[PDB]
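Asks: Below is a structure I'd like to ask you about.
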2 protein chains.
Amino acid sequence: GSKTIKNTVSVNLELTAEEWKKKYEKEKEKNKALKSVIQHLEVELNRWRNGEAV
Amino acid sequence: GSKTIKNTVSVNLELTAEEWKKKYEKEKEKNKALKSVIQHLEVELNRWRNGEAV
């Protein structure tokens, strides 16, 4: 302990999934909503191609 | 401890974001690429409607 200057500090281990869970949770919503959009836009051409009613 | 048969086991808590991160990472790529496609196909009609050059 004697004759010691500045103590070495180790880097953080693993980040808590608490943050990963929240980000992922909302993250899935974005992609999920986007997925529906993909089908939505693709549907547009499919229904507008023949002008299908409803 | 005496007179004990079969030990009760609790269910897993929360899954590690390690797996959620990898799946989400690639997941975003799929939706991201699909998003570009949506605009791509929608662009098609927009540019082909007037036969815009380039």
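To be explicit about the labels: the chains of the structure tokens are called A, B, and onward in the order shown, and within each one the residues are counted from 1, while ligands get numbers from 1 in the order they are shown.
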Quick one: which residues from chain A are at most 10 Å off chain B, using only C-alpha atoms, as a PyMOL selection string?

Replies: chain A and resi 14-21+23-25+27-28+30-42+44-45

Asks: May I have the selected residues written with N, CA and C atoms, as a PDB file, in the first residue's frame?

Replies:
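Generated output (result-v1.pdb):
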```pdb
ATOM      1  N   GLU A  14     -20.474  -5.797 -18.084  1.00  0.00           N
ATOM      2  CA  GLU A  14     -21.585  -5.847 -19.023  1.00  0.00           C
ATOM      3  C   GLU A  14     -22.661  -4.851 -18.624  1.00  0.00           C
ATOM      4  N   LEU A  15     -23.289  -4.233 -19.617  1.00  0.00           N
ATOM      5  CA  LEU A  15     -24.348  -3.276 -19.340  1.00  0.00           C
ATOM      6  C   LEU A  15     -25.604  -4.023 -18.913  1.00  0.00           C
ATOM      7  N   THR A  16     -26.368  -3.425 -18.014  1.00  0.00           N
ATOM      8  CA  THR A  16     -27.582  -4.061 -17.523  1.00  0.00           C
ATOM      9  C   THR A  16     -28.643  -4.143 -18.619  1.00  0.00           C
ATOM     10  N   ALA A  17     -29.320  -5.283 -18.703  1.00  0.00           N
ATOM     11  CA  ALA A  17     -30.357  -5.452 -19.705  1.00  0.00           C
ATOM     12  C   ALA A  17     -31.524  -4.520 -19.418  1.00  0.00           C
ATOM     13  N   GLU A  18     -31.472  -3.821 -18.287  1.00  0.00           N
ATOM     14  CA  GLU A  18     -32.539  -2.894 -17.941  1.00  0.00           C
ATOM     15  C   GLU A  18     -32.669  -1.868 -19.058  1.00  0.00           C
ATOM     16  N   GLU A  19     -31.523  -1.372 -19.505  1.00  0.00           N
ATOM     17  CA  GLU A  19     -31.485  -0.403 -20.586  1.00  0.00           C
ATOM     18  C   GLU A  19     -31.737  -1.083 -21.922  1.00  0.00           C
ATOM     19  N   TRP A  20     -31.163  -2.267 -22.094  1.00  0.00           N
ATOM     20  CA  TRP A  20     -31.351  -2.995 -23.335  1.00  0.00           C
ATOM     21  C   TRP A  20     -32.818  -3.380 -23.503  1.00  0.00           C
ATOM     22  N   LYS A  21     -33.473  -3.709 -22.391  1.00  0.00           N
ATOM     23  CA  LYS A  21     -34.875  -4.119 -22.433  1.00  0.00           C
ATOM     24  C   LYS A  21     -35.766  -2.963 -22.878  1.00  0.00           C
ATOM     25  N   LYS A  23     -34.881  -0.155 -24.517  1.00  0.00           N
ATOM     26  CA  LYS A  23     -34.561   0.214 -25.890  1.00  0.00           C
ATOM     27  C   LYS A  23     -35.115  -0.814 -26.865  1.00  0.00           C
ATOM     28  N   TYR A  24     -34.934  -2.087 -26.535  1.00  0.00           N
ATOM     29  CA  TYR A  24     -35.430  -3.160 -27.382  1.00  0.00           C
ATOM     30  C   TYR A  24     -36.951  -3.110 -27.463  1.00  0.00           C
ATOM     31  N   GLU A  25     -37.588  -2.925 -26.314  1.00  0.00           N
ATOM     32  CA  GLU A  25     -39.042  -2.883 -26.260  1.00  0.00           C
ATOM     33  C   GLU A  25     -39.585  -1.872 -27.258  1.00  0.00           C
ATOM     34  N   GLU A  27     -37.876  -0.438 -29.510  1.00  0.00           N
ATOM     35  CA  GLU A  27     -37.263  -0.761 -30.792  1.00  0.00           C
ATOM     36  C   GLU A  27     -38.164  -1.677 -31.608  1.00  0.00           C
ATOM     37  N   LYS A  28     -38.679  -2.715 -30.964  1.00  0.00           N
ATOM     38  CA  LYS A  28     -39.556  -3.657 -31.645  1.00  0.00           C
ATOM     39  C   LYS A  28     -40.789  -2.953 -32.184  1.00  0.00           C
ATOM     40  N   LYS A  30     -41.012   0.117 -33.315  1.00  0.00           N
ATOM     41  CA  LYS A  30     -40.675   0.850 -34.532  1.00  0.00           C
ATOM     42  C   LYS A  30     -40.648  -0.076 -35.742  1.00  0.00           C
ATOM     43  N   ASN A  31     -39.910  -1.168 -35.629  1.00  0.00           N
ATOM     44  CA  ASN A  31     -39.816  -2.132 -36.715  1.00  0.00           C
ATOM     45  C   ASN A  31     -41.167  -2.781 -36.978  1.00  0.00           C
ATOM     46  N   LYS A  32     -41.891  -3.075 -35.904  1.00  0.00           N
ATOM     47  CA  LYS A  32     -43.200  -3.697 -36.032  1.00  0.00           C
ATOM     48  C   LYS A  32     -44.134  -2.787 -36.816  1.00  0.00           C
ATOM     49  N   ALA A  33     -44.133  -1.507 -36.462  1.00  0.00           N
ATOM     50  CA  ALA A  33     -44.973  -0.539 -37.151  1.00  0.00           C
ATOM     51  C   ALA A  33     -44.524  -0.398 -38.597  1.00  0.00           C
ATOM     52  N   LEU A  34     -43.211  -0.401 -38.801  1.00  0.00           N
ATOM     53  CA  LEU A  34     -42.663  -0.290 -40.150  1.00  0.00           C
ATOM     54  C   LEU A  34     -43.049  -1.503 -40.977  1.00  0.00           C
ATOM     55  N   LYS A  35     -43.032  -2.673 -40.352  1.00  0.00           N
ATOM     56  CA  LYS A  35     -43.392  -3.889 -41.059  1.00  0.00           C
ATOM     57  C   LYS A  35     -44.798  -3.763 -41.617  1.00  0.00           C
ATOM     58  N   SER A  36     -45.717  -3.320 -40.770  1.00  0.00           N
ATOM     59  CA  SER A  36     -47.102  -3.139 -41.181  1.00  0.00           C
ATOM     60  C   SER A  36     -47.183  -2.158 -42.346  1.00  0.00           C
ATOM     61  N   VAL A  37     -46.303  -1.162 -42.334  1.00  0.00           N
ATOM     62  CA  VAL A  37     -46.275  -0.161 -43.399  1.00  0.00           C
ATOM     63  C   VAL A  37     -45.862  -0.803 -44.712  1.00  0.00           C
ATOM     64  N   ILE A  38     -44.897  -1.701 -44.633  1.00  0.00           N
ATOM     65  CA  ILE A  38     -44.407  -2.376 -45.820  1.00  0.00           C
ATOM     66  C   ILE A  38     -45.552  -3.084 -46.509  1.00  0.00           C
ATOM     67  N   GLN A  39     -46.291  -3.832 -45.721  1.00  0.00           N
ATOM     68  CA  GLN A  39     -47.432  -4.560 -46.225  1.00  0.00           C
ATOM     69  C   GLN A  39     -48.505  -3.575 -46.651  1.00  0.00           C
ATOM     70  N   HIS A  40     -48.566  -2.450 -45.944  1.00  0.00           N
ATOM     71  CA  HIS A  40     -49.552  -1.427 -46.250  1.00  0.00           C
ATOM     72  C   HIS A  40     -49.308  -0.854 -47.639  1.00  0.00           C
ATOM     73  N   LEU A  41     -48.083  -0.394 -47.876  1.00  0.00           N
ATOM     74  CA  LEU A  41     -47.743   0.182 -49.175  1.00  0.00           C
ATOM     75  C   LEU A  41     -47.853  -0.865 -50.280  1.00  0.00           C
ATOM     76  N   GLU A  42     -47.394  -2.081 -50.000  1.00  0.00           N
ATOM     77  CA  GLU A  42     -47.468  -3.145 -50.988  1.00  0.00           C
ATOM     78  C   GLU A  42     -48.927  -3.455 -51.294  1.00  0.00           C
ATOM     79  N   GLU A  44     -51.349  -1.298 -51.167  1.00  0.00           N
ATOM     80  CA  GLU A  44     -51.826  -0.194 -51.984  1.00  0.00           C
ATOM     81  C   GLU A  44     -51.835  -0.561 -53.464  1.00  0.00           C
ATOM     82  N   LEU A  45     -50.688  -0.975 -53.995  1.00  0.00           N
ATOM     83  CA  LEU A  45     -50.617  -1.326 -55.415  1.00  0.00           C
ATOM     84  C   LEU A  45     -51.533  -2.503 -55.727  1.00  0.00           C
TER      85      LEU A  45
END
```

Asks: Mind fitting chain A to chain B by least squares on all Cα atoms in order and giving back the moved coordinates as a tab-separated table (two decimals) with C-alpha atoms, in the first residue's frame?

Replies:
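And here's selection.tsv as it stands now:
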```
chain	number	residue	atom	x	y	z
A	1	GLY	CA	-32.99	-31.20	4.52
A	2	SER	CA	-34.02	-34.64	5.75
A	3	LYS	CA	-37.06	-36.32	4.19
A	4	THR	CA	-36.84	-34.29	0.99
A	5	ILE	CA	-37.79	-35.54	-2.47
A	6	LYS	CA	-37.21	-33.66	-5.72
A	7	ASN	CA	-36.13	-30.04	-5.36
A	8	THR	CA	-38.36	-27.28	-6.72
A	9	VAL	CA	-36.80	-25.22	-9.51
A	10	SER	CA	-37.77	-21.64	-10.33
A	11	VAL	CA	-38.25	-20.44	-13.90
A	12	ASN	CA	-35.70	-18.25	-15.66
A	13	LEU	CA	-35.90	-14.54	-14.88
A	14	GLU	CA	-35.16	-12.23	-17.79
A	15	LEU	CA	-33.40	-13.15	-21.01
A	16	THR	CA	-30.08	-11.43	-21.65
A	17	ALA	CA	-30.23	-8.49	-24.06
A	18	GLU	CA	-27.21	-10.12	-25.67
A	19	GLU	CA	-29.62	-12.16	-27.76
A	20	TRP	CA	-32.15	-9.37	-28.03
A	21	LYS	CA	-29.40	-7.02	-29.23
A	22	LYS	CA	-28.24	-9.33	-32.01
A	23	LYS	CA	-31.77	-10.14	-33.16
A	24	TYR	CA	-32.80	-6.49	-32.96
A	25	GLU	CA	-29.66	-5.37	-34.78
A	26	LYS	CA	-30.31	-7.58	-37.78
A	27	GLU	CA	-34.03	-6.99	-37.32
A	28	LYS	CA	-33.62	-3.27	-37.90
A	29	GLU	CA	-31.73	-4.03	-41.09
A	30	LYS	CA	-34.64	-6.02	-42.51
A	31	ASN	CA	-37.23	-3.34	-41.78
A	32	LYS	CA	-34.79	-0.62	-42.81
A	33	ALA	CA	-34.19	-2.31	-46.15
A	34	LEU	CA	-37.92	-2.89	-46.54
A	35	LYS	CA	-38.61	0.75	-45.80
A	36	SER	CA	-36.32	1.79	-48.63
A	37	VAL	CA	-38.20	-0.66	-50.85
A	38	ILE	CA	-41.50	0.96	-49.99
A	39	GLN	CA	-40.21	4.29	-51.12
A	40	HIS	CA	-38.55	2.54	-54.03
A	41	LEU	CA	-41.75	0.99	-55.36
A	42	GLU	CA	-43.72	4.15	-54.63
A	43	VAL	CA	-41.05	6.07	-56.50
A	44	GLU	CA	-41.46	3.77	-59.47
A	45	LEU	CA	-45.01	4.97	-60.15
A	46	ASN	CA	-44.01	8.56	-59.46
A	47	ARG	CA	-41.14	8.52	-61.96
A	48	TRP	CA	-42.81	6.22	-64.48
A	49	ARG	CA	-46.06	8.19	-64.38
A	50	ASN	CA	-44.46	11.02	-66.34
A	51	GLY	CA	-41.56	8.91	-67.58
A	52	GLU	CA	-39.19	11.31	-65.84
A	53	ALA	CA	-35.61	10.88	-67.07
A	54	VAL	CA	-32.88	9.83	-64.64
```

Asks: Quick check for you: according to DSSP on this backbone, which residues of chain A are classed as alpha helix (DSSP H)? Reply as a VMD selection string.

Replies: chain A and resid 17 to 49
